[PDB]
């Protein structure tokens, strides 16, 4: 399950794909088969013991869904944990929309249906993703949509920095999460709000209030009179898209619909939503 060797023994490391609080991701090629993979490297600390690593690796290996990037294996070498996973050729939806411009309503509908399928699985497994945003939803060359990981709980190494990162960038978090370090707590329905913000992000190239200082956003979003965000151009979008934003962005978590409930919403249960819509989007990259 966890190899005691340098990942360089089995893989040719190619370009750095990106990074963040979750670690550094590299594109790699299997030396024998020639197949491409992604390797995420995380620096281990004196508290990351192998018993805890073993426990978290078994969860990484058993949490499997078609809409979540598949785990392939792992290596622990010179205080660095490397996680081998499926390679998503087109990168994240953020990498895509920062070239193509805004996604169409149908493209957003398909992405939301695919993400809701992933979230419904994670929630049935008593997990909360807590990291839904365009940069964390990956696309392969076939137009398939996959969550980069199962969220903040998939983090082995530097978990606290990743868990607290939203405080400096809270734009995608539900009001109940933004009320950090207060009595409230939250549940899996915070993921539904984050999916609603993400649908705005794909339509507008940034989440609502992205230009506002993160500490002012935390302050406003948790005020009693906070009005949940809306799409900026009423006319460009249909009544179904406006309603999907209205219900996913319900301020009270006790009134917000579940991932399974959202899967029957008119926007995501409509005919013709398939990977072909994202193949059309990836063709825009060529020009």
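Positions refer to the first chain, counted from 1.
- Among other deposited entries of this protein with both flanking residues present, at least a third omit coordinates for residue 182.
- The mean Cα B-factor in the deposited entry runs higher for 77-85 than for the other of 77-85 and 185-193.
- For the pair 242-250 and 37-45, the mean Cα B-factor is higher in 37-45.
- In this PDB entry, residue 71 carries a Cα temperature factor that places it within the highest third of its chain's modelled residues.
- For residue 59, the recorded CA temperature factor ranks within the highest third of the chain's modelled residues.
- The PDB entry assigns residue 50 a C-alpha temperature factor belonging to the highest third of its chain's modelled residues.
- Residue 31: CA B factor in the highest third of modelled residues in this chain (values from the PDB entry).
- Remark: residue 232 belongs to the highest third of its chain, ranked by C-alpha B-factor as recorded.
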